[PDB]
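S.K.: To start, I am sharing the structure in question, which I have written as structure tokens.
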Amino acid sequence: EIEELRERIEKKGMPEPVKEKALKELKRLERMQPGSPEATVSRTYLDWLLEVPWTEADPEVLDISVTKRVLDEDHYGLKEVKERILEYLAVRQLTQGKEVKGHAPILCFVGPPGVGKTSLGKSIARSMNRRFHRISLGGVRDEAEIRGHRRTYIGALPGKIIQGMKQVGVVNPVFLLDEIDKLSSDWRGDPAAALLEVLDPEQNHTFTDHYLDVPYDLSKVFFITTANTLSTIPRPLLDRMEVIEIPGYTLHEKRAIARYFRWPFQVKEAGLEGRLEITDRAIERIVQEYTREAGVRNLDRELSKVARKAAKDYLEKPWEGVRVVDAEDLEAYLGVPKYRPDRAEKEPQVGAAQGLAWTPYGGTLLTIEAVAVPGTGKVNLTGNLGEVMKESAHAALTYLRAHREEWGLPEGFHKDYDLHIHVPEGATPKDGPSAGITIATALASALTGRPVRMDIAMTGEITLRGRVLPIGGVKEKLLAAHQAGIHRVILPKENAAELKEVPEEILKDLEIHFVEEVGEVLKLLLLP
Amino acid sequence: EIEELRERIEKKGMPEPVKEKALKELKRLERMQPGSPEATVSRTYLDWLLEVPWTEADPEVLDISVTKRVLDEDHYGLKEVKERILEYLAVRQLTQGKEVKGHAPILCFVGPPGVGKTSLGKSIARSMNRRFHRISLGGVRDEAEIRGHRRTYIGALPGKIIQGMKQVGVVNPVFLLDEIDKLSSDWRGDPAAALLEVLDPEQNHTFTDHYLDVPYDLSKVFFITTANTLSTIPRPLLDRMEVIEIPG
Amino acid sequence: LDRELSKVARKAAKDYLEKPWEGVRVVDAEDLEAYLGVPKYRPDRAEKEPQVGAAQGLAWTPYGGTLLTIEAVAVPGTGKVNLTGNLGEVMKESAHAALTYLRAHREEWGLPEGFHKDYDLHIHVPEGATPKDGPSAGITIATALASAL
Amino acid sequence: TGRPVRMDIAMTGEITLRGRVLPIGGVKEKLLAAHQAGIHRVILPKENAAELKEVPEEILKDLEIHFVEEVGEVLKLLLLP
Amino acid sequence: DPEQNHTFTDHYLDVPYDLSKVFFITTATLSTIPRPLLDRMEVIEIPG
Amino acid sequence: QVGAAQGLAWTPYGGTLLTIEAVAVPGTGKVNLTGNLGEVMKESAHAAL
Amino acid sequence: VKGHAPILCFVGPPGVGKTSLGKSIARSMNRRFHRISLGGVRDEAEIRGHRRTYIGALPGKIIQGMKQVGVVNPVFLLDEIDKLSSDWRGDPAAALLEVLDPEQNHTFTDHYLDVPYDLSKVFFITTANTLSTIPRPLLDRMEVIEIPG
Amino acid sequence: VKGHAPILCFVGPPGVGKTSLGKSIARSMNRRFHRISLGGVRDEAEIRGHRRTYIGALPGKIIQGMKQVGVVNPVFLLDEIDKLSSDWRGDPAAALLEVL
Amino acid sequence: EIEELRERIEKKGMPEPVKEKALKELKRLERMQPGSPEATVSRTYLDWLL
Ligand SMILES: Nc1ncnc2c1ncn2[C@@H]1O[C@H](COP(=O)(O)OP(=O)(O)NP(=O)(O)O)[C@@H](O)[C@H]1O
Ligand SMILES: Nc1ncnc2c1ncn2[C@@H]1O[C@H](COP(=O)(O)OP(=O)(O)NP(=O)(O)O)[C@@H](O)[C@H]1O
Ligand SMILES: Nc1ncnc2c1ncn2[C@@H]1O[C@H](COP(=O)(O)OP(=O)(O)NP(=O)(O)O)[C@@H](O)[C@H]1O
């Protein structure tokens with residue numbers, strides 16, 4: 001078996017900096033005593049170089065169009081991540097090593113928890129037909145989980161990248177790292193230095209892990225690093241790694257994600273494979289009323305609760321569960337409504353405004369309400385938000401002190417009327433301090449006394465001249481307006497580029513008035 | 001004593017990659033001096049592969065009425081979680097004979113302290129007639145207290161979840177993980193990040209620890225997680241878990 | 001920057017592998033939005049209008065250069081002057097210096113006599129650049145106050 | 001106003017600035033605590049009927065509920081002069 | 001807790017330990033005791 | 001100058017020069033804590049008023 | 001008496017062409033070029049200070065630069081020196097002060113080798129982003145060059 | 001009579017020659033000099049000394065500055081004894097009094 | 001090699017409670033082999049002390 005291992009040196013394709021080291025320590029091996037623990041770690045090392053993959057690679061798939069359909073039967077809502085991975089097929093299909101060095105197959109997914117990004121590795125690997133290992137760095141604390149240990153230590157096995165190479169079998173595989181942002185650290189080694197040693201283009205060609213002291217190749221292997229936030233990444237690994245900021249799943253892909261992918265898996269898990277149906281209206285109801293995070297995890301757990309309450313009905317009595325579950329029988333399955341929808345009741349309320357902003361948990365409507373009472377010259381915003389709505393409120397009222405003859409206001413209303421503004425808590429300013437034109441028509445509906453009809457949705461901000469500021473995150477608030485059955489949404493006119501992100505089945509109902517001026521907002525909206 | 005270990009592997013009913021890995025480590029352990037510390041760490045390694053279970057499972061009784069009467073003979077009036085247990089049995093009565101990826105779920109029990117949501121796992125063990133090991137996770141600072149150390153660390157253990165796999169001995173236990181809200185979350189220590197591997201219902205069967213260091217099949221473990229408040233659970237970890245929100 | 005150049009070259013490569021016609025492919029600014037998805041930030045360019053009562057300020061921050069707008073409307077009220085923004089009050093102090101210049105020069109531009117007390121002023125700061133780097137755009141506010149009043 | 005309220009009517013709700021009664025959460029122990037003292041007429045918001053159906057039978061058969069949309073419907077009941 | 005002092009799982013003492021025979025007595029102000037612990041161990045209100 | 005005051009204050013930057021500026025625009029009458037004050041300079045402004 | 005000049009500090013954001021100016025200055029004096037990464041925390045106590053009685057990998061990373069460059073007067077691109085100081089036990093040491101100062105640049109005792117190395121006439125380029133978390137026994141006497149955006 | 005005298009505190013704007021004032025006392029005294037600059041070291045237990053169980057345990061910066069002199073009397077400088085950041089993790093005021 | 005350090009003890013390791021720690025460190029020096037990974041800390045200990 002010493003000569004069998006000597007044949008298996010040259011049988012593999014095992015490269016030239018490792019070959020004379022393997023032959024010289026095998027030359028050390030046959031003359032010394034085989035019962036030794038030094039002989040044990042020697043035979044472990046010269047099992048490890050001849051089991052780890054070096055150049056024996058799986059065949060890369062020669063065409064894109066049969067991988068996209070395997071992605072289309074595994075994940076739905078990540079179209080941009082699908083474009084980034086067939087983008088990697090477009091890079092590796094065209095090149096195939098035409099004097100090219102300086103590769104970066106190093107990809108990251110950061111988003112809300114439970115959006116998809118640890119189940120990509122059972123889909124990317126099925127797509128481009130490469131074998132998969134799911135490497136875990138959840139509670140990896142020491143550096144030596146990836147860095148390994150020296151062979152002078154008794155009991156030495158290599159790092160978990162090399163143990164991943166032990167399980168996957170072939171070189172050029174795919175990796176999914178499980179957690180990055182809460183990869184913790186201690187003394188005697190920070191594992192961010194170990195992932196520096198993994199994830200550099202300078203040292204993907206050579207690795208030099210501290211068990212296999214020769215260079216190792218991490219070049220052809222493609223990486224997924226999975227995290228939830230960008231704040232607690234170690235800043236070098238945040239720096240020299242390609243980040244995809246995954247946006248949260250909202251309802252108009254959640255209706256598809258249930259019926260296509262998530263519901264049939266768990267009614268296969270329950271047992272009613274063809275013996276349960278759900279309406280699309282109950283799926284839409286579950287998302288607007290029962291789920292309030294951006295991931296589909298309690299979509300999975302409460303449609304799982306629909307499936308197992310249907311199994312409880314199907315086993316306590318033999319009656320058929322092939323009844324379809326609509327909106328109003330769903331409360332027998334799931335009990336109390338945990339959350340409540342937003343009512344765009346189309347009768348004109350006197351001092352209200354149809355507000356739109358976005359939570360990080362999806363696009364959610366607001367209702368900014370305001371009254372004017374003849375008091376003093378002061379204002380008070382009382383809706384659990386900061387001063388970024390307060391400066392828009394002073395912007396709105398100092399717009400409305402101009403054009404006083406236009407809207408029928410009294411001559412001294414600023415020092416005569418107290419004005420109070422309520423906002424809901426769903427407006428979260430990190431990119432969206434939104435709904436400024438809702439504040440402006442709340443001031444205009446309070447002071448004039450003329451009602452605001454609820455037929456028209458609104459999104460903007462206020463400059464004091466009478467012009468509007470643009471907004472981001474336009475997709476989730478337009479489909480949140482499409483959720484409530486309200487079809488007339490006000491946008492700034494310079495937000496015309498965001499209609500290309502919306503496909504036509506949502507866009508055919510949404511009567512988008514691209515409106516740049518606040519006087520045009522108050523002329524289009526405010527019911528006399 | 002290595003010549004018992006081969007047929008202990010063969011009647012243990014291991015899966016094929018971990019079975020070939022344990023037989024390869026047994027071929028390593030055949031040749032060496034048995035007095036070495038490598039011999040005792042590989043002997044502890046093969047021993048820990050044998051007395052963890054792989055295909056040994058207690059039979060789940062499919063009686064809804066026996067489970068309901070044991071749930072009513074230990075607890076009163078906890079209607080959501082008692083309906084949850086009988087519909088978990090209604091899943092497992094229906095899927096018995098259908099080979100699907102049977103992930104037993106991850107229950108979260110929030111509410112005020114003292115409801116009995118925090119020591120329900122003894123009654124859950126009596127109601128399944130499955131074996132029990134409540135796992136101490138009260139304010140743990142150590143991530144390798146959950147996922148273990150490697151065997152290069154000299155007196156290493158695979159964590160308390162695999163120690164529950166020892167002392168239960170079958171592949172479908174109930175684990176009362178106490179005080180999941182009370183885990184410290186910091187850059188120096190965060191074992192809630194170690195809870196994210198072992199409590200994900202699509203990849204618990206690819207749980208790698210650090211001492212067995214193989215994908216261990218944790219689809220059939222009926223995990224129980226407890227908390228006295230909602231918000232101090234980390235934002236990945238509360239998302240993973242069936243929150244049976246039972247109030248005061 | 002070179003991350004987004006990486007993404008536009010590979011987005012060119014994706015339609016290269018399904019349409020192989022590219023012996024030459026020129027990309028100007030108009031088909032840039034076909035790549036890279038949503039516009040992340042927005043260019044504060046020239047507003048292309050010659051005459052309305054506001055001006056264009058400047059600032060400098062390590063995010064880069066920008067073309068700030070400072071605007072004010074002189075509403076007929078109590079004579080208060082307040083800032084509207086989440087930056088420092090030295091911008092309002094430079095506005096106060098502009099107020100002393102218009103009180104010292106109330107004749108040559110057709111101002112009313114009691115303009116200091118017959119006009120409420122709110123002064124906009126829409127922005128986030130210059131915390132203490134270059135935190136003064138005082139003649140922009142002086143044109144804003146004089147064109148408002 | 002110098003006017004007292006009714007003695008058998010306890011109440012719960014949420015206020016917005018127009019006067020629309022927003023619904024509340026966790027009502028079962030609130031209704032049975034109002035049932036526990038000498039109150040058998042409670043004010044609820046209008047859209048807490050979905051929470052009130054989860055509340056059991058003896059709580060709904062002992063007391064009286066009032067589904068309220070606007071706070072003028074509250075103050076039409078509880079101002080004795 | 002007497003439901004799990006019989007199965008108290010120490011980090012070093014890996015096998016669960018029996019502590020339910022042990023008379024634990026604790027000392028203290030209520031407000032800086034945590035909420036599960038002040039609900040969990042029997043208060044003896046000793047004033048001045 | 002009608003509002004400026006040529007002042008002297010000791011700094012850890014050595015000797016410094018001041019332009020103490022006050023306009024007092026008509027409003028609610030409160031003292032505005034402008035110009036990045038310390039814990040004592042509002043007390044000096046209260047002594048002035 | 002001042003045979004060696006004080007050493008630079010390129011400061012700026014992460015992403016500027018500090019490697020491009022290092023390759024330019026090594027092309028300027030007609031010199032083979034080495035880049036020193038020092039990317040993570042890079043504990044000099046753990047990885048420089050071996051004292052030769054381990055297995056003995058990386059005998060000082062300056063000497064690992066020297067065996068790669070093969071010439072006695074290279075341009076060392078020292079990078080990310082602001083990332084040196086750690087919040088751990090023995091890991092902040094600032095042991096490159098003995099490397100960089102001219103009063104013991106001519107001699108150089110190594111952590112591994114324990115032999116006085118001739119590190120005379122060795123040019124150094126130190127590039128580090130944020131000026132605050134530099135070790136102060138470097139920037140008390142090193143030069144600094146502002147590279148803005 | 002008493003071997004210990006009080007210890008100098010130089011304080012002012014940064015850069016008024018205080019390191020060179022210690023160097024000029026070193027040149028007048030014909031005695032060696034070292035300057036350490038604190039603030040980067042965030043630990044008492046770095047300076048006072050961690051135990052030998054840690055595998056890369058180098059000792060403190062103040063005895064590093066004392067051993068770089070190599071003589072039992074240095075004109076020792078403690079630069080930046082006040083400018084310490086908010087992360088007072090292992091509190092170095094007790095060790096910096098206990099070396100003083 | 002281990003006698004140049006003792007030359008440094010009886011030339012500049014003069015005080016007795018200081019040198020008692022170095023003497024039982026010298027006792028520990030011939031206990032393990034000087035190629036073990038623990039012995040780096042032990043040799044660095046009395047080199048830094050001496
Ligand atoms: N597009 C999709 N199609 C089908 N199933 C999906 C899709 N997105 C999510 N899922 C399912 O929802 C689950 C949530 O994804 P998950 O892998 O938990 O992401 P993640 O939690 O953010 N990564 P991590 O936080 O480290 O666990 C997946 O395991 C899938 O089962
Ligand atoms: N429905 C019930 N029927 C009978 N006894 C009950 C019931 N609910 C609660 N109890 C009792 O009240 C106790 C409350 O549990 P508790 O002691 O708080 O758990 P715990 O010790 O806190 N577990 P943990 O804090 O997670 O480690 C139970 O252990 C029972 O003794
Ligand atoms: N009062 C002084 N008279 C003459 N020369 C001076 C004086 N103060 C400083 N210098 C010069 O400045 C040098 C001292 O360096 P300097 O820039 O002051 O830093 P430092 O004060 O010594 N250390 P630090 O105070 O911590 O920044 C001396 O070598 C002189 O060349």
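Residue numbers start at 1 in each chain; chains themselves are named A, B, ... in the order of the structure tokens; ligands are numbered from 1 in the order shown.
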For residue F:36, list every protein, DNA or RNA residue within 12 Å, evaluated using only C-alpha atoms, and leave out those in the same chain fewer than 4 positions away; present the list as a PDB file with C-alpha atoms, in the first residue's frame.
M.R.:
ATOM      1  CA  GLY C  88     -25.863  73.518  11.877  1.00  0.00           C
ATOM      2  CA  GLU C  89     -27.324  76.862  12.892  1.00  0.00           C
ATOM      3  CA  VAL C  90     -24.309  78.790  11.564  1.00  0.00           C
ATOM      4  CA  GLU C  93     -26.303  82.864  11.384  1.00  0.00           C
ATOM      5  CA  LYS C 132     -17.858  71.291   9.593  1.00  0.00           C
TER       6      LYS C 132
ATOM      7  CA  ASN F  32     -31.072  80.676  20.983  1.00  0.00           C
ATOM      8  CA  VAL F  40     -21.067  78.344  30.826  1.00  0.00           C
ATOM      9  CA  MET F  41     -21.604  80.578  27.830  1.00  0.00           C
ATOM     10  CA  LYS F  42     -25.399  80.381  28.055  1.00  0.00           C
TER      11      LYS F  42
END
S.K.: Please extract the residues at most 10 Å from ligand 3, counting only C-alpha atoms and all ligand atoms, and provide them as a ChimeraX atom specification, using the chain letters and residue numbers of this document.
M.R.: /G:136,140-141 /H:10-24,35,37,77-80
S.K.: Using only C-alpha atoms and all ligand atoms, what are the residues with an atom within 6 Å of ligand 2, set out as a PyMOL selection string?
M.R.: (chain B and resi 74-76+113-116+118-119+178-179+226) or (chain E and resi 1+3)
S.K.: Using N, CA and C atoms, can you write the selected residues to a file as a PDB file, in the first residue's frame?
M.R.:
ATOM      1  N   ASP B  74     -51.050  16.498  32.154  1.00  0.00           N
ATOM      2  CA  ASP B  74     -49.960  17.320  32.662  1.00  0.00           C
ATOM      3  C   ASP B  74     -50.289  18.804  32.685  1.00  0.00           C
ATOM      4  N   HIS B  75     -51.025  19.302  31.696  1.00  0.00           N
ATOM      5  CA  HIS B  75     -51.355  20.717  31.596  1.00  0.00           C
ATOM      6  C   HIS B  75     -52.840  20.955  31.357  1.00  0.00           C
ATOM      7  N   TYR B  76     -53.320  22.111  31.804  1.00  0.00           N
ATOM      8  CA  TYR B  76     -54.695  22.513  31.558  1.00  0.00           C
ATOM      9  C   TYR B  76     -54.723  23.726  30.639  1.00  0.00           C
ATOM     10  N   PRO B 113     -43.020  35.121  32.335  1.00  0.00           N
ATOM     11  CA  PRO B 113     -42.428  33.951  33.002  1.00  0.00           C
ATOM     12  C   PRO B 113     -43.399  33.288  33.970  1.00  0.00           C
ATOM     13  N   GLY B 114     -43.488  31.966  33.877  1.00  0.00           N
ATOM     14  CA  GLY B 114     -44.310  31.181  34.769  1.00  0.00           C
ATOM     15  C   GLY B 114     -45.543  30.578  34.154  1.00  0.00           C
ATOM     16  N   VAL B 115     -45.692  30.645  32.833  1.00  0.00           N
ATOM     17  CA  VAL B 115     -46.865  30.076  32.184  1.00  0.00           C
ATOM     18  C   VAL B 115     -46.763  28.551  32.115  1.00  0.00           C
ATOM     19  N   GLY B 116     -45.559  27.997  32.175  1.00  0.00           N
ATOM     20  CA  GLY B 116     -45.390  26.583  31.935  1.00  0.00           C
ATOM     21  C   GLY B 116     -45.012  26.275  30.519  1.00  0.00           C
ATOM     22  N   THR B 118     -42.096  27.165  29.661  1.00  0.00           N
ATOM     23  CA  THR B 118     -40.674  27.016  29.876  1.00  0.00           C
ATOM     24  C   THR B 118     -40.286  25.677  30.491  1.00  0.00           C
ATOM     25  N   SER B 119     -41.248  24.864  30.913  1.00  0.00           N
ATOM     26  CA  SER B 119     -40.976  23.489  31.317  1.00  0.00           C
ATOM     27  C   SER B 119     -42.018  22.557  30.732  1.00  0.00           C
ATOM     28  N   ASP B 178     -33.594  25.899  26.907  1.00  0.00           N
ATOM     29  CA  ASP B 178     -34.096  26.944  27.784  1.00  0.00           C
ATOM     30  C   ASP B 178     -33.449  28.290  27.470  1.00  0.00           C
ATOM     31  N   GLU B 179     -34.265  29.350  27.593  1.00  0.00           N
ATOM     32  CA  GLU B 179     -33.856  30.761  27.670  1.00  0.00           C
ATOM     33  C   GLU B 179     -33.124  31.244  26.415  1.00  0.00           C
ATOM     34  N   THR B 226     -37.636  28.349  24.287  1.00  0.00           N
ATOM     35  CA  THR B 226     -38.400  29.102  25.271  1.00  0.00           C
ATOM     36  C   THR B 226     -37.817  30.501  25.401  1.00  0.00           C
TER      37      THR B 226
ATOM     38  N   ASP E   1     -34.896  26.166  39.946  1.00  0.00           N
ATOM     39  CA  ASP E   1     -36.179  25.617  39.510  1.00  0.00           C
ATOM     40  C   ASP E   1     -36.318  24.137  39.840  1.00  0.00           C
ATOM     41  N   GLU E   3     -38.344  21.807  38.955  1.00  0.00           N
ATOM     42  CA  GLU E   3     -38.582  20.905  37.841  1.00  0.00           C
ATOM     43  C   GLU E   3     -37.292  20.536  37.116  1.00  0.00           C
TER      44      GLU E   3
END
S.K.: Would you name the residues within 7 Å of ligand 1, counting only C-alpha atoms and all ligand atoms, and put them as a PyMOL selection string?
M.R.: (chain A and resi 74-78+111-119+178-179+226-228+257+261-262+295-297) or (chain B and resi 196+200+202+236)
S.K.: Would you mind exporting the chosen residues as a PDB file, in the first residue's frame, restricted to C-alpha atoms?
M.R.:
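What landed in selection-v8.pdb:
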ATOM      1  CA  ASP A  74     -36.210  26.426  -7.466  1.00  0.00           C
ATOM      2  CA  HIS A  75     -36.370  30.175  -6.674  1.00  0.00           C
ATOM      3  CA  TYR A  76     -38.699  32.877  -7.981  1.00  0.00           C
ATOM      4  CA  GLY A  77     -38.310  36.326  -6.460  1.00  0.00           C
ATOM      5  CA  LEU A  78     -34.549  36.763  -6.842  1.00  0.00           C
ATOM      6  CA  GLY A 111     -30.856  40.998   3.167  1.00  0.00           C
ATOM      7  CA  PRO A 112     -33.697  40.449   5.628  1.00  0.00           C
ATOM      8  CA  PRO A 113     -33.585  37.092   7.459  1.00  0.00           C
ATOM      9  CA  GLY A 114     -35.245  34.210   5.693  1.00  0.00           C
ATOM     10  CA  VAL A 115     -35.331  35.742   2.210  1.00  0.00           C
ATOM     11  CA  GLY A 116     -33.630  32.762   0.549  1.00  0.00           C
ATOM     12  CA  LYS A 117     -29.928  33.021   0.903  1.00  0.00           C
ATOM     13  CA  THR A 118     -29.022  29.688   2.524  1.00  0.00           C
ATOM     14  CA  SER A 119     -31.229  27.752   0.079  1.00  0.00           C
ATOM     15  CA  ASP A 178     -23.578  30.015   6.393  1.00  0.00           C
ATOM     16  CA  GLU A 179     -22.970  33.168   8.487  1.00  0.00           C
ATOM     17  CA  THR A 226     -24.447  34.689   3.613  1.00  0.00           C
ATOM     18  CA  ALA A 227     -25.159  37.461   6.116  1.00  0.00           C
ATOM     19  CA  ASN A 228     -28.018  39.569   7.458  1.00  0.00           C
ATOM     20  CA  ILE A 257     -43.875  31.903  -3.992  1.00  0.00           C
ATOM     21  CA  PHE A 261     -42.721  26.563  -4.286  1.00  0.00           C
ATOM     22  CA  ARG A 262     -43.551  26.862  -0.624  1.00  0.00           C
ATOM     23  CA  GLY A 295     -38.836  37.142   4.739  1.00  0.00           C
ATOM     24  CA  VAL A 296     -41.172  34.303   3.857  1.00  0.00           C
ATOM     25  CA  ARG A 297     -40.379  32.319   6.995  1.00  0.00           C
TER      26      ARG A 297
ATOM     27  CA  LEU B 196     -28.739  29.441  13.557  1.00  0.00           C
ATOM     28  CA  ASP B 200     -33.017  25.944  10.332  1.00  0.00           C
ATOM     29  CA  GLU B 202     -34.297  23.242   5.546  1.00  0.00           C
ATOM     30  CA  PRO B 236     -32.409  35.979  12.451  1.00  0.00           C
TER      31      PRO B 236
END
S.K.: Do you know which residues are at most 10 Å from residue H:71 counting only C-alpha atoms, after dropping those on the same chain fewer than 6 positions away, and could you put them as a PyMOL selection string?
M.R.: chain H and resi 31-33
S.K.: If we count only C-alpha atoms, what is near residue A:464 at a cut-off of 8 Å, once residues fewer than 6 positions away on the same chain are taken out, given as a PyMOL selection string?
M.R.: (chain A and resi 395-396+398-399) or (chain C and resi 71-73+124)
S.K.: Save the residues we just selected, C-alpha atoms, as a PDB file, in the first residue's frame?
M.R.:
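Below is the file again.pdb, written as the result:
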ATOM      1  CA  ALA A 395     -41.890  73.130   4.453  1.00  0.00           C
ATOM      2  CA  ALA A 396     -45.565  72.311   3.832  1.00  0.00           C
ATOM      3  CA  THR A 398     -44.589  77.695   4.697  1.00  0.00           C
ATOM      4  CA  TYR A 399     -45.624  76.659   1.222  1.00  0.00           C
TER       5      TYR A 399
ATOM      6  CA  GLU C  71     -34.420  78.292  -1.235  1.00  0.00           C
ATOM      7  CA  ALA C  72     -36.629  80.565   0.847  1.00  0.00           C
ATOM      8  CA  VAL C  73     -40.138  82.003   0.497  1.00  0.00           C
ATOM      9  CA  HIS C 124     -34.435  75.519   3.640  1.00  0.00           C
TER      10      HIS C 124
END
S.K.: Quick one: residues within 12 Å of residue A:192, only C-alpha atoms, excluding same-chain residues fewer than 5 positions away - as a ChimeraX atom specification?
M.R.: /A:137,140-147,180-186,197-200,232-238 /B:187 /G:39-43
S.K.: Could you write out that same residue set with N, CA and C atoms as a short mmCIF file (atom, residue, chain, number, x, y, z; two decimals), in the first residue's frame?
M.R.:
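As a result, result02.cif now contains:
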data_model
loop_
_atom_site.label_atom_id
_atom_site.label_comp_id
_atom_site.auth_asym_id
_atom_site.auth_seq_id
_atom_site.Cartn_x
_atom_site.Cartn_y
_atom_site.Cartn_z
N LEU A 137 -20.24 28.79 9.27
CA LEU A 137 -19.55 29.69 10.18
C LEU A 137 -20.55 30.43 11.04
N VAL A 140 -18.51 29.92 14.68
CA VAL A 140 -17.07 29.72 14.59
C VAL A 140 -16.41 30.89 15.31
N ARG A 141 -15.68 30.57 16.37
CA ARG A 141 -15.09 31.58 17.24
C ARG A 141 -13.59 31.71 17.01
N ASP A 142 -12.88 30.59 16.94
CA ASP A 142 -11.45 30.58 16.73
C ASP A 142 -11.10 30.74 15.25
N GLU A 143 -9.86 31.15 15.00
CA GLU A 143 -9.33 31.18 13.64
C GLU A 143 -9.10 29.78 13.10
N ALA A 144 -8.77 28.83 13.98
CA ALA A 144 -8.27 27.51 13.60
C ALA A 144 -9.34 26.56 13.09
N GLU A 145 -10.61 26.97 13.06
CA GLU A 145 -11.64 26.18 12.39
C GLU A 145 -11.45 26.20 10.88
N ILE A 146 -10.97 27.31 10.34
CA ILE A 146 -10.66 27.42 8.92
C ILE A 146 -9.16 27.29 8.68
N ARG A 147 -8.36 27.85 9.59
CA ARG A 147 -6.91 27.85 9.47
C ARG A 147 -6.31 26.48 9.74
N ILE A 180 -21.72 35.24 8.23
CA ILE A 180 -20.55 36.10 8.15
C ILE A 180 -20.62 37.24 9.15
N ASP A 181 -21.78 37.91 9.25
CA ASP A 181 -21.95 39.08 10.10
C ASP A 181 -21.91 38.77 11.59
N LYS A 182 -22.21 37.54 11.97
CA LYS A 182 -22.09 37.11 13.35
C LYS A 182 -21.15 35.92 13.45
N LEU A 183 -20.14 35.92 12.58
CA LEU A 183 -18.90 35.18 12.82
C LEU A 183 -18.17 35.86 13.97
N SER A 184 -18.12 35.21 15.12
CA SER A 184 -17.55 35.83 16.30
C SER A 184 -16.05 35.57 16.38
N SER A 185 -15.40 36.33 17.26
CA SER A 185 -13.95 36.32 17.38
C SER A 185 -13.55 36.24 18.84
N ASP A 186 -12.32 35.78 19.07
CA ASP A 186 -11.74 35.76 20.40
C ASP A 186 -10.27 36.15 20.28
N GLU A 197 -7.48 35.03 4.29
CA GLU A 197 -6.64 34.04 3.61
C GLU A 197 -7.44 33.21 2.60
N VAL A 198 -8.74 33.02 2.84
CA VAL A 198 -9.59 32.39 1.83
C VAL A 198 -9.92 33.37 0.71
N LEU A 199 -10.56 34.49 1.05
CA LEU A 199 -11.27 35.32 0.07
C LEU A 199 -10.43 36.51 -0.39
N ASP A 200 -9.25 36.24 -0.95
CA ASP A 200 -8.54 37.25 -1.72
C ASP A 200 -8.21 36.74 -3.12
N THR A 232 -22.01 44.59 10.93
CA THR A 232 -21.15 43.75 11.73
C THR A 232 -20.30 42.79 10.90
N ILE A 233 -20.19 43.02 9.59
CA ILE A 233 -19.14 42.35 8.81
C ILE A 233 -17.79 42.91 9.25
N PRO A 234 -16.72 42.10 9.36
CA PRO A 234 -15.37 42.66 9.37
C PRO A 234 -15.06 43.38 8.06
N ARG A 235 -14.78 44.69 8.16
CA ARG A 235 -14.58 45.69 7.11
C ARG A 235 -13.63 45.31 5.95
N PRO A 236 -12.52 44.54 6.13
CA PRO A 236 -11.85 43.96 4.94
C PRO A 236 -12.69 42.97 4.15
N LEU A 237 -13.45 42.11 4.84
CA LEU A 237 -14.31 41.16 4.16
C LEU A 237 -15.55 41.85 3.60
N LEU A 238 -15.98 42.96 4.19
CA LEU A 238 -16.99 43.80 3.55
C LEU A 238 -16.43 44.49 2.32
N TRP B 187 -19.74 40.62 19.68
CA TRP B 187 -18.73 40.16 18.73
C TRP B 187 -17.74 39.20 19.38
N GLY G 39 -3.91 42.76 5.95
CA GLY G 39 -5.29 43.12 5.67
C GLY G 39 -6.23 43.09 6.85
N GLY G 40 -6.17 42.04 7.66
CA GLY G 40 -7.11 41.88 8.75
C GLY G 40 -6.64 42.58 10.01
N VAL G 41 -6.74 41.93 11.16
CA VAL G 41 -6.11 42.49 12.35
C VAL G 41 -4.59 42.37 12.26
N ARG G 42 -4.09 41.24 11.73
CA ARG G 42 -2.68 40.90 11.44
C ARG G 42 -1.81 41.06 12.70
N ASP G 43 -2.05 40.13 13.62
CA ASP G 43 -1.38 40.10 14.92
C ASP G 43 0.11 39.80 14.72
#
